[PDB]
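Here you'll find one protein chain in two forms, each presented separately as structure tokens under the names structure 1 and structure 2.
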Structure 1
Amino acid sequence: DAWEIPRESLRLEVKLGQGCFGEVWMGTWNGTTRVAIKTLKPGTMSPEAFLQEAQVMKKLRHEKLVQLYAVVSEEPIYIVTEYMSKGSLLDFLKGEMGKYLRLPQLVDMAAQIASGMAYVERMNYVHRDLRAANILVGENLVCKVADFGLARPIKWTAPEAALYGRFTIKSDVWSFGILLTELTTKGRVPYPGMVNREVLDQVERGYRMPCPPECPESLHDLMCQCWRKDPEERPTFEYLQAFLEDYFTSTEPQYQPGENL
């Protein structure tokens, strides 16, 4: 009941779009705090079933994870989170900001995402849908991991997860490696020109995406570590975070900006 707020304290202002979570609004809470607001169509979830799914958002707290702010847990149910001003990392990379981002910006964003996932890792959770569409961007290039597990992606999914349902933090590490290609191509679809069926067996036959143009080989090698066949050999998010945080001193101290990266 601590998270419950009055219905009149939310003002729904702008629809954000119909993605994997239906309609989500930008709005204001208590007239003072900009927030993201989501309501559920009455019927699709009982009030008891929702509060059992609201447990995840009420216990997990990290500066790189989209923060739950409040809840209206009786139908029609409302969920309130912090608001991320720039939308999804996917839209961010494809839009007008894309042309200005270079490797220093893209690596820092990746380090932030790795930091959120390192928190998920430390908590022994799994975020089975890590990809640029599920990262939200705010001011000052702040990136936060969103979790649409309540909403209930072959090209982003580790082979053992897509084929055998072996979803672990290690398959999340595989997805992060795909996410690094979205960052370095400024949001292009991975495995360009390959259909899902084509991606499945090609990857099982050992294929991996090549080094994106102007992406340093050292960053591509990091992607390849994320895409090792045996999940146990993939690096931890703790490792990924440190490698990305330290990247331009320890790993590319001679980096020079190019035309796109």
Structure 2
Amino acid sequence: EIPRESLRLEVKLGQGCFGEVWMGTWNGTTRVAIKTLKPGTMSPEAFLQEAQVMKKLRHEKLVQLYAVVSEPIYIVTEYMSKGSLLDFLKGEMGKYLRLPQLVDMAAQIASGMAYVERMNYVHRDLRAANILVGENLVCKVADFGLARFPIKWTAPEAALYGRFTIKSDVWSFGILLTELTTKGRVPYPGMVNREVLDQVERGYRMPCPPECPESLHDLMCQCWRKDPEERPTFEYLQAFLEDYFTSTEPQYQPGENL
């Protein structure tokens, strides 16, 4: 799956903490997004044993990996039009995104994470910046396999005792639910990365966002339960969001924000 580094990048989509991501072409006609990884902790060997990212991790709502170079890498994947969900919520599209759209995008994310769950895999960092948005509201999970930081998204079990499991990503899915229902705003508004750990251990949970039904805030608190194994399945989360406007909020009327 290793092609050589003679397919070159055109447009730089953005810069992040660990490497760059570019927009380019592959074999002359395929439009392709290429994530570069600078000399951070490039596991030129333990990175190529990452043959599972690409094997049977092919799902509708997972970003389809195409190829990898074996120096600095260029993870070759599909090109998602609207970029990251975080920008799509902050941007101009936020003005017209309502709850039915936000809950559909949450259902898609749960679907792809339900696939990662069925495959007994773990995605150690799930948030709105690691989810890509195409057109017609297609969300896909990206950035799943990086082991080698967002404390406001990580479950308390995994920040203090390194216990990352699929239930740990349920926790951040709940935090991600707040990003959808606040149009990209930063969780625990007003607090800092260590002020958050004191409050979560003491029992503090984020209140109900404005205009958001408590039906959906209760689903966050199920994802924010102290005991990991009592947090809901991604199978349950997917079905819950898929049926939401029929089994849970049939009296929902579209407001001015949600």
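Here the rigid core means the biggest group of C-alpha atoms that line up within 1.5 Å when the two forms are laid on top of each other. Residue positions are counted from 1 along structure 1's sequence.
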Quiz item: Of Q67, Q202, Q55, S218, which one has a Cα that moves 2 Å or more between the two structures once the core is lined up?
Solution: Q55
Quiz item: Under a superposition restricted to the rigid core, does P192 display a Cα displacement of 2 angstroms or more between the two structures?
Solution: no
Self-check item: Large Cα move at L244 between the two structures, threshold 2 Å, rigid core
Solution: no
Exercise. State yes or no: after fitting on the rigid core, is the Cα displacement of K41 between the two structures at least 2 Å?
Key: yes
Quiz item: For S9, what C-alpha shift in Å is seen between the two structures once the core is overlaid?
Solution: 7.3
Quiz prompt | Per-residue CA shift, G27 (Å; core superposed between the two structures) | solution = 1.5
